[PDB]
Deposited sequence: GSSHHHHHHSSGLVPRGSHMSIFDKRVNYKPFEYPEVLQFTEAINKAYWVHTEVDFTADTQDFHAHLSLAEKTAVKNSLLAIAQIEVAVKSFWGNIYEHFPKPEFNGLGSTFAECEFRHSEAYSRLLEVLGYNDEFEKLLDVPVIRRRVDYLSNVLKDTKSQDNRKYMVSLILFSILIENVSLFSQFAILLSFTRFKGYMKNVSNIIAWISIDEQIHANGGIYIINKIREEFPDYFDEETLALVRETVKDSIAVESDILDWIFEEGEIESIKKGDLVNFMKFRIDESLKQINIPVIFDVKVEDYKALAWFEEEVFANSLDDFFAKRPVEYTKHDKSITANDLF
């Protein structure tokens, strides 16, 4: 049988590597109620400029536009991979997403941005992403579902949030502010890396069992659709920094950071690199990995 065929017996697991992703979530388990944002409200109110206040506010709004919602992809991966492993993997990932949405919802409530979130569809750059995301995940056919799994793992889990993650973390590393928010973002970015790595694993298993599925047309659509994401997210970075340039982080460094992460995801699934970022370009955000590790414990 294949990965798309239903197996009734619980164990032995046909894909026991699922446990490596679920155990990783279990070991990193966290809830936002372990975090109090009182000190972050005071640094935000007193020690942040308007350009920095807008950078944090539009960052969290852009993340919550995708994350604060009913995300049903992972919770329903058993419908396409009818294995007891992937039901456990999806349930573990779906519960993680509910913890994330509650963490983002609390951030918007504590900082007083619930009103802007309900009217976030009044921003043009947001609807352009909603329209873009409303063409990259429309097959949420096993082969049109797998390319949707590709575009879900490279975007929703790996690069459509991480540029905003780095903006929030930059205030803690370079300014020492927003340390509790950076605590939550660090824990989330670890969960999101486990989600993306789990998607890469499933994609490679489909390639290990169905190598014909990765034909020339599918690779051409993935690389084309990925190139459109950066044109969309570069305009979002413009809207995030709409009140001006800030000292903690630069937009040009975020774009190369976004390009580097995409190529790293394409490498792990044997898809040709698109941008080939230079060392002197992506090392500007090389601090992101160690900053996630610092704000983790």
property: Where the deposited sequence has no C-alpha coordinates (positions from 1, in order); result: 1-19, 160-162, 320-343
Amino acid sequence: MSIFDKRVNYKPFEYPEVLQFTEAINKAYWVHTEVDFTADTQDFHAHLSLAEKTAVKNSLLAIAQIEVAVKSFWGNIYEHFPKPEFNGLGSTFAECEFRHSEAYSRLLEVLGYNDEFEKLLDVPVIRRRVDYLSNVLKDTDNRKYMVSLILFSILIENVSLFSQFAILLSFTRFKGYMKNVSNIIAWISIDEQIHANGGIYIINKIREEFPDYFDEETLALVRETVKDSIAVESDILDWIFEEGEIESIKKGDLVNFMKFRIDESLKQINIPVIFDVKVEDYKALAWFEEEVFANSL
From here on, numbers count along this sequence of modelled residues.
| item | value |
| --- | --- |
| Stretch with the higher entry mean CA B-factor, where the candidates are 174-182 and 127-135 | 127-135 |
| Between 219-227 and 67-75 (mean CA B-factor, as deposited), the higher | 219-227 |
| Out of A196, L161, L168, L151, residue topping the C-alpha B-factor column of the entry | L151 |
| Candidate residues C96, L89, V110, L155, the one whose C-alpha B factor the record puts highest | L155 |
| Ranked against its chain, the third holding the CA B-factor of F275 | middle |
| Where the record places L266 (Cα B-factor, split into thirds across the chain) | middle |
| Ranked against its chain, the third holding the CA B-factor of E34 | lowest |
| Among modelled residues of the same chain, the CA temperature factor third for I188 | lowest |
| Cα B factor band for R143 (lowest, middle or highest third within the chain) | highest |
